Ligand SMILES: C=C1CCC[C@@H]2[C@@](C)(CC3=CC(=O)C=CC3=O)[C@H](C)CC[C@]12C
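Next up: just one chain, as structure tokens, the form solved without this ligand.
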């Protein structure tokens, strides 16, 4: 299991990441750096690390082993951690915006006592640490500027998607008319697919000298289609998954979210079916949640998902056959096997 082999060394490298981001020439800022230590430890640790590890795995698959020295690996781990800090920045902030209670089975940072909206500044420091790391480890490298720009573009794309999400589903203002498929695909593309699929692979490519605009265009065609499928999967499993399988528990309906399900549900309705969803979707009560689930069931939406999963598997295989070269197909396929739940 190629990801499980690399994990040990990756998660150990965190010690050094934090040591270096807090390494004492200016004793005056001690107290803020301490706080920075605390923010990293609480927010970068505890996930599965899929995105970060994809950098280290791709790097191994993309570089000639002759050219995989100790330095090269330190940089790969670091850039991997950069991806993880990006995620930490987004999540700290999104949890504030969504009024979330927990994240990874523990209290969101901003809910922790004495933190509150100070978390906004903490999220910003998380983003800042990316560019500090890139500079400490990669300034002298020929791909240095490509990475800076790739992280920046990835932040912008994610923010644009978050904006589009916030527009599509305002807390307190339940409206289903703007839960369209065109709109769903866009949110997923910008809000998750880009930084979760494209970014880690693309960081790997750059680090191995692969900076062709055509090569990157091709990786991206594949990786976006992948990330779309994997988000639709999570939406499905949110409801119809056993929570032993998932790890979450499915609040998408109480939270009035733009899930793939409710979208597809919306397309397959006599006018009278809409009124039941208007009535039930978003409410605290549990009997209400049940009537929504029963509804999606009586529209054989599993059958619709199953069909989507077939077609999607076929298309992605085709893409990989057509556009992976000159990359090894196992960079894409290994990712798919790792994220499939």
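The term rigid core refers to the most C-alpha atoms you can superpose between the two forms while keeping them within 1.5 Å. Residue numbers count along the first chain shown, from 1.
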Quiz item: Counting only residues from the deposited sequence, how many are left out of the model between residue 23 and residue 24 (none, 1 to 3, 4 to 9, 10 or more)?
Solution: 1 to 3
Self-check item: Entry-level comparison of average CA B-factors, 294-302 and 29-37, reporting the higher stretch
Solution: 294-302
Quiz item: So 126-134 or 263-271, which one's hotter by mean CA B-factor in the entry?
Solution: 263-271
Practice problem: Quick one: which of 205, 245, 97, 150 shows the highest Cα temperature factor in the PDB entry? | Solution: 245
Quiz item: Which of these has the highest Cα B-factor in the record: 84, 228, 159, 175?
Solution: 175
Quiz item: Against its chain's modelled residues, does residue 43's Cα B factor rank lowest, middle or highest third?
Solution: lowest
Exercise. Sort the modelled residues of this chain by their C-alpha B factor and say whether residue 250 lands in the lowest, middle or highest third.
Key: highest
Quiz item: When the modelled residues of the chain are sorted by Cα temperature factor, does residue 239 land in the lowest, middle or highest third?
Solution: highest
Quiz prompt | Relative C-alpha B-factor of residue 54, binned into the chain's lowest, middle or highest third | solution = lowest
Practice problem: Select lowest, middle or highest to describe the third in which the CA B-factor of residue 185 falls within its chain in this entry. | Solution: middle
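Although it is not shown, the form deposited with this ligand bound is what the next lines describe.
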Quiz item: What stretch, of 128-136, 143-151, 84-92, 262-270, brings heavy atoms to within 4.5 Å of this ligand in the bound PDB entry?
Solution: 84-92
Quiz item: Though this ligand is not shown, can you say which of 248, 112, 220, 183 has a heavy atom within 4.5 Å of it in the bound PDB entry?
Solution: 248
Quiz item: Can any non-hydrogen atom of residue 78 be found within 4.5 angstroms of this ligand in the bound PDB entry?
Solution: no
Practice problem: Give a yes/no on whether residue 230 approaches this ligand to within 4.5 Å in the bound PDB entry, heavy atoms considered. | Solution: yes
Quiz item: Is residue 48 close to this ligand in the bound PDB entry, meaning a heavy atom pair under 4.5 Å apart or at it?
Solution: yes
Practice problem: Answer for residue 103 alone: is it within 4.5 Å of this ligand in the bound PDB entry, judged on heavy atom distances? | Solution: yes
Quiz item: If you look in the bound PDB entry, which residues in 307-323 sit within 4.5 Å of this ligand (heavy atoms)?
Solution: none
Exercise. Quick one: lay the two forms over each other on the core and tell me which of 292, 36, 44, 63 moves its CA by at least 2 angstroms between this form and the one not shown.
Key: 292
